[PDB]
Amino acid sequence: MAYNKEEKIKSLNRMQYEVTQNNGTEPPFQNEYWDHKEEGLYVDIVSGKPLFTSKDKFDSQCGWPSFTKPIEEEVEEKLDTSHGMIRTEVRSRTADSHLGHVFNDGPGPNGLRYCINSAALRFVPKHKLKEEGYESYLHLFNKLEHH
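Just so it is clear: in the sequence shown, position 131 is 131 by the deposited numbering, and no numbers are missing.
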């Protein structure tokens, strides 16, 4: 039995779906291997799209990594109501809906609490980003606009 990056994402997206659908938590795995604190990004594995930086990462101390800073490019903040209370979730339309949930109780630029699940995440070091397209990744990890 072979195993390619296609079959990687296919088997993966079952578990990513388990999180999106039921708010399902990954089992005890999310440690120094999966979310390694070396400089880079934390991306939704389904697409490899930048959600938040390792430069400004918060660790899974509150169960899931919850920082004040999203990446405005591929992250959509989207209001909902389950039962009498409103909530906001960060969720794309097509595929990236696995990101996480954000709350107006957390202080931020807009005043949202950027809380992403570790199951949907892979650490991608600045070294590995250079292999995968640094001009897309490192631009969001580190930029400057000299006027």
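C-beta atoms are modelled at their ideal positions from N, C-alpha and C, and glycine is treated no differently.
In summary, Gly111 is exposed, with fewer than 16 beta-carbon neighbours lying within 10 Å of its beta-carbon over all protein chains present. DSSP places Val19 within a helical segment (H, G or I) once states are collapsed to three. The bridge partners DSSP lists for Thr25 come to none. Ranking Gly84, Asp35, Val46 by CA distance to the CA of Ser97 puts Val46 first. Rounded to whole angstroms, the separation of the alpha carbons of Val75 and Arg87 is 16 Å. For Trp34, the CB contacts under 8 Å within the same chain, skipping 5 residues up- and downstream, are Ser118, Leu121, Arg122, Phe123 in chain order. Here DSSP, grouped into helix, strand and coil, assigns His101 to strand. Shown here for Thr20: same chain residues with a beta carbon closer than 7 Å to its own, the five before and five after excluded, namely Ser97, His98 in chain order.
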